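>>> Provided hereafter are the protein sequence and its experimental coordinates.
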Amino acid sequence: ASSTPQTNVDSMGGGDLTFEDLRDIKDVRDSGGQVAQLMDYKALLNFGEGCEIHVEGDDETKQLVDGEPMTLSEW
Amino acid sequence: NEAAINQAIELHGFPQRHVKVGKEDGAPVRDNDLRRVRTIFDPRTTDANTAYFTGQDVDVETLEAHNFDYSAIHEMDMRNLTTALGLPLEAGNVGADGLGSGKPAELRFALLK
């Protein structure tokens, strides 16, 4: 087979979006009201409860990173 | 909208009394005539137990309290302001059916937390 894409990708050089379209998004965010609150609630559902890190088999390492043992999760 | 309701209640939330004097296609009535009629039917000196006595060419008429749903306007205003501030509808002292129970409620408590 091959190591790089051979099927084409349907977009190059334009006719696909601009700083103006992006500044409309900024305006929808900063202008408030129920419209802004729904998207902020959407963000809070997806990301507001926090996060956790693990590393697969981390404790196979106890490296002397600064003269004392550490793991990659600690790092 | 609050200022609008506050004014509108004084005008429209209460009745008013309209005394009509003279007859249809009848004799003319002037200000110094009405001043005497006003002195008789004066709300300032009227009591709840009163009775009125007239000829056929004096009428008492009612401007009713011309009802409007200011409560629902309050609820819409509060719905707007609470959700604009990101607060739940309940924080505005506004209730809704169903939305106080189960996962329909608990989702909004989750969003708040």
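Everything's here; your move. Residues are numbered from 1 along each chain as shown, chains lettered A, B, ... in the order given.
>>> Contacts for the longest helix along chain B, please.
As assigned by DSSP state H, the longest helix anywhere in chain B is helix B:70-84. Helix B:70-84 is contacted by residues A:32-34, A:37, B:1-2, B:5, B:8-9, B:13, B:88-89, B:91-94 when judged by CB atoms under 8 Å, 6 or more residues apart in numbering or on different chains. For every residue, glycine as well, the C-beta is placed using N, CA and C.
>>> ok, 7 Å please
Helix B:70-84 has contacts (CB atoms under 7 Å, 6 or more residues apart in numbering or on different chains) with A:32-34, A:37, B:1, B:5, B:9, B:88-89, B:91-92, B:94.
>>> I'd like to know which residues of chain B are adjacent to chain A.
With the criterion set to CB under 7 Å from any CB of the partner chain, chain B comes near chain A through B:83-84, B:86, B:111.
>>> List buried residues within those.
B:83, B:86, B:111 (16 or more other CB atoms under 10 Å in any protein chain shown).
>>> host element of the last one?
Translated: residue B:111. helix B:102-112 (DSSP states H and E).
>>> Pull that helix out as CSV, backbone CA atoms only.
Output of helix B:102-112 as CSV, limited to C-alpha atoms (Å, rounded to 0.1, in the frame of the first residue of the first chain):
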residue,chain,number,x,y,z
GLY,B,102,-37.0,13.9,39.3
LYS,B,103,-34.2,14.2,36.7
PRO,B,104,-35.9,17.3,35.1
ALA,B,105,-35.1,19.0,38.4
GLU,B,106,-31.8,17.3,39.3
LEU,B,107,-30.2,18.3,36.0
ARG,B,108,-30.7,22.0,36.8
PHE,B,109,-29.2,21.4,40.3
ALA,B,110,-26.3,19.7,38.5
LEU,B,111,-25.9,22.7,36.2
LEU,B,112,-25.9,25.0,39.2
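>>> Just the buried residues of that helix, please?
B:108, B:111.
>>> Residue B:59 falls within a strand, correct?
Yes. Judged by DSSP: H, G, I helix; E, B strand; the rest coil, residue B:59 forms part of a strand.
>>> and it, what does it touch?
Counting by CB under 7 Å, 6+ apart, residue B:59 has contacts residue B:20.
>>> Specify the beta-bridge partners of it.
residue B:20 (DSSP bridges).
>>> And it, how far from residue B:29?
For residue B:59, the distance to residue B:29 (CB to CB, to the nearest Å) stands at 12 Å.
>>> Can you name the residues that contact the most centrally placed residue in chain A?
Among the residues of chain A, residue A:47 comes closest to the average C-alpha position under CA atoms, centre = their mean, at 10.7 Å. By CB under 7 Å, 6+ apart, no residues touch residue A:47.
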